[PDB]
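Okay, so here's just one chain, in structure tokens, the form deposited in one PDB entry.
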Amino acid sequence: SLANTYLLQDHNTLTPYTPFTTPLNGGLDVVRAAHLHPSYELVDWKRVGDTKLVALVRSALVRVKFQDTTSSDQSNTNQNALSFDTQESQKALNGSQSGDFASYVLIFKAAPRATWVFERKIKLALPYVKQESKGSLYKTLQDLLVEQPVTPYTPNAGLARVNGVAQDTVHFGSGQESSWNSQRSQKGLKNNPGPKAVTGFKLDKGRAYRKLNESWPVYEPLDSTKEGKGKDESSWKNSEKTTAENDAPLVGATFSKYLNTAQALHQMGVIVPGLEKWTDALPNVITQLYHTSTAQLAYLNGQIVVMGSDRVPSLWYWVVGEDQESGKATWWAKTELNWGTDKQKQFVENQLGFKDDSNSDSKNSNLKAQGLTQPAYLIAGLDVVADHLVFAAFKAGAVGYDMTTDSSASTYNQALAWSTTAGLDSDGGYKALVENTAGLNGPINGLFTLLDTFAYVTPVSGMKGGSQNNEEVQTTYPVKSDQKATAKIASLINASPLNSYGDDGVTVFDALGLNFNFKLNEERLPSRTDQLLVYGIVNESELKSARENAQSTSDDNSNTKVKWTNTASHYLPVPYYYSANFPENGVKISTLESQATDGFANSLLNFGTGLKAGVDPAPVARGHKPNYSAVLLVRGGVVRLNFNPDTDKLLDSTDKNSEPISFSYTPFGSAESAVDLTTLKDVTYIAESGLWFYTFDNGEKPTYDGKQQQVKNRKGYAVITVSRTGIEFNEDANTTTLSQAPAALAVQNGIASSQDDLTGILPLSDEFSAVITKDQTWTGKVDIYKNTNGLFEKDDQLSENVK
């Protein structure tokens, strides 16, 4: 309708367009309208109702700090260890000219014409954590290790971290490993067929792992097996920093040992000084986490949610009241989510670190010892529907590591992570497979050779062990029985959905989804830690609980969790055909080549981007509430998340063996596989047509690659139409329970170019859509496109008519 206006974004300016493909005025520069500093950048905005506009702004000059050790009581009050450092904010100002810089949620109100009047601003404060002089999350943060982010130029070998020591040498030792079977019963590994099963990966070499107050380096290794220092900050700081500088320099030099990804970091949410719109080192890891934890938002009946970036893991999220001026963040570490079953929740928790009633060490800082759940997630997106919030995220790999000073220790300088893929002898049906004991508490998977046919998963699992096939197949944490009280396992977090980075085919099969059973009814065996997708519907009362958790000043509720019961996990691997060696001795991570075109140099790690909810316009049954489902885009396919509208819960069936109806993955075609997932600038859903539109701006690609060469195909656009498929819930009268999950379908409709810069796209009608282009002076090249079922092509007559 002529009366309705479409809002298009250009940096900070929100220009309102008419269905005549013309602006109604210059637009609204949110930064200036909110009376904020020029360093502020607009990242996410949501049009609320008709008389409201909510936005998300973040300054690159923001500087955060975590105060660790050297303190006493008597004078120290209820102060937060996480606080804004104004000292470095005024120091970082030196860029061009001037004449806490915290993120803000902005509220606007509609005035006559296409104008907005500034109403109020809500401060997005740091999450609360009690300082020191089993209720202490502070210890975890004191000894926390976070990996440098994954760039679209990071190759497969860059993630490949050298395999650790087997659990037979951990519990027994070097020289007496041959007594595995004869003594595994009393050690807690009864019928365990995995002696040479790798416990994790070594941390002495590879991609840098930096603490909260330490900083991520711009240079990353091509092959983490040969080059890189990993956790060793002092080894980098003293000689390897200069090694990476001379070999990998910025444009202003062989590139054989390291890669310069400064441009790639900036185009993710990472603050890179000297490379901004308006050598040295990048800001604190805790500061980068804050700058990346403010990328997405949603508004519900007076509540504003804020979540992290889809490329950088977020350790917290905001839930702030409209009336509130401030509002501290809620941790994911204190947010208990339903993983589908009680066993599915266990797998991830029982890898976060070491926990036993024997240990009570100050250096035993791991989440499990501090009684905390999964702390990080790569938020694919969020949305609101039927007075309820809906989210989807790729669970970031949070594991443990040995902080021992004893170099002779087998687990010394290594992170503990094992393959959690269900055994080959596991019972059929989703529930029976996801609940399988295979690596619940410790390693079990690895290379098992059956005559001449090798298998990367355990052939003996559950309770089918022993002789009579009744004996339990035991599994336990890779820490020696007598070393349990003195154990100092801390917490480590990865920048990908992988728990394990160990250079082996077992971790390759978890990432690519190649673990199957030898049954005629071939079922794909699931990982319960690697390539995991979390999704769920959260209500206003569950949301309020997250706010109250953040607003708490330690006191008694320093351990208390946020209960989100309507959530579930799902094993979502990358396609195998995305990797060159498996097309449509063996191989490991480093030996895996990439043939991936979706704007990723790695054919190993998965990426979930741009989630959007939507109410199916289809006529519903006599009484029943209108059906709704949320859709997101992953590597190699479209995934639809279904929900029950009559109860505002996750859609579940009568039979537990049958795969969940709440989850559905539809793999997409050849044309849509050439689409870069990182270039997504907008996700629009049309209520009247029931179609999703994924608008990819080529300009969202960085300036230079890892080898500091100008990025090609930066000019252009590509659109993906996502439509519903299959039988829906309450499609007719007799439709009660569903056996097959209602899915979606991704197709590159026809709205695509590689020669023009995109201003945006206007959905004029169900039949016609417009394409506004940039580049030259003024900007306003309009192109009218027509469709049928979804096939798009430009109407030469109407395009020439507007122009």
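So that the term is clear: the rigid core is the largest set of C-alpha atoms that superpose within 1.5 Å between two forms. The first residue of the shown sequence is 1; numbering continues from there.
A second form of this protein, the form deposited in another entry, is not displayed here; the remarks below concern that form.
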Quick check for you: superpose on the rigid core, then look between this form and the one not shown for a C-alpha move of 2 Å or more. Which of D482, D406, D73, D655 is it? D73
Tell me whether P16 is among the residues that move between this form and the one not shown (Cα shift of 2 angstroms or more, core superposed). no
Examine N25 after superposing the rigid core and state whether its CA is displaced by 2 Å or more between this form and the one not shown. no
